[PDB]
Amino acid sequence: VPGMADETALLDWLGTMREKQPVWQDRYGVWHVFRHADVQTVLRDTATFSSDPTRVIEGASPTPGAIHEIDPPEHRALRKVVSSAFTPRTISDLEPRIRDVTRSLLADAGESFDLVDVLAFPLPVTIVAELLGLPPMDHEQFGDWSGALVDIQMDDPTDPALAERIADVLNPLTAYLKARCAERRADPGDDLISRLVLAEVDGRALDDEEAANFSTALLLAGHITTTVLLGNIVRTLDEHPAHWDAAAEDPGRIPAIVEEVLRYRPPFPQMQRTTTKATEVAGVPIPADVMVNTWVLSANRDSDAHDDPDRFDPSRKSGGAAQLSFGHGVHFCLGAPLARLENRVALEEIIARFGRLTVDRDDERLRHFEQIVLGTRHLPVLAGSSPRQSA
């Protein structure tokens, strides 16, 4: 399998798999699914395709409060704890603050800067920290913890030792959040941690383990992908720069750009399930108790789903609930309205200040993530025209 960092090679490979081997078993006994229709089938059928990886990891037991790894009927009660925090009306109230953070961060940039260090990292981490009621002094901790997680040594995703390694890398974060949970129990505010520690799920409060693990999932979910998307947006516009001008003339076009970048370059290009029973996808027999890898990236480029799938085209009618890059079915991204707002406001503010940004391809800081996510660790950019220029 080509690594994430060589996008062209990876896309080439996925394309031949869609044609020649749409359901593929790898050397670890992991089963890969490449076509859009088949990815939807898998994601919709939660009884057959569990979100709990521990089923196939010997020695590992389910992680209490890990919403992303919990199946119906328990899933719905846990999601109901936080879903009201994430409604479009409630999220829309965050626009002024998102814009204030973005504008201030960009105002001090200069005309040559790393988009990630300046804005794509600090914006989403501030917004999710503020959602969870955590302090600014803790942002650097979160970036260190997400970075280590993203670069964890990893090959066979069913290895018991990988599960232990993840646990160890996230131990400091979960411990920190456990302390913050105990703190909010005593002195609640109206942040997300307060809501989760005071909630009653199926007749009782979440225990300390559950609440910390749920907090951990919310924190990680809330920044890594948003950071990656913003980078992917600027990098994709740089490859199709006629769109900078069009968005400057009509900023109403920015949400369509955001949707099309999501399709074209999903931050999270693959997700795993486990089979609860013997099943078949596209007539290919898959046994019980194995791990399944759904390639969102391959689904998004499938010509049966999207005409001329390798063309970047904001005029595509796709988006909303049909945005596969936010998942599909019961686990569909709780943060979607928020991700969409942060990225809309970021691009508006970039265009307002600079008109356009050019990616500096000769700057050595430009490096792709090698695994797990689809994007760049840093994106050195050059300003088109900035308020700093003078006679």
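All residue numbers refer to positions in the sequence shown, first residue = 1.
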Taking the mean of the C-alpha B-factors per stretch from the entry, tell me the winner out of 213-221 and 132-140.
132-140
Taking only the CA atoms, which stretch has the higher mean B-factor in the record, 45-53 or 340-348?
45-53
Based on what the PDB entry reports, which of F113, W145, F121, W244 has the top C-alpha B-factor?
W145
Sort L78, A199, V290, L262 by C-alpha B-factor from the entry and give me just the highest.
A199
Select lowest, middle or highest to describe the third in which the CA B-factor of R180 falls within its chain in this entry.
highest
State the tercile, meaning the lowest, middle or highest third, of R356 with respect to the CA B-factors recorded for its chain.
middle
Could you tell me which third, lowest, middle or highest, the C-alpha B-factor of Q323 occupies within its chain?
lowest
Binned into thirds over the chain's modelled residues, the C-alpha B-factor of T279 lands in the middle
Sort the modelled residues of this chain by their C-alpha B factor and say whether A60 lands in the lowest, middle or highest third.
highest
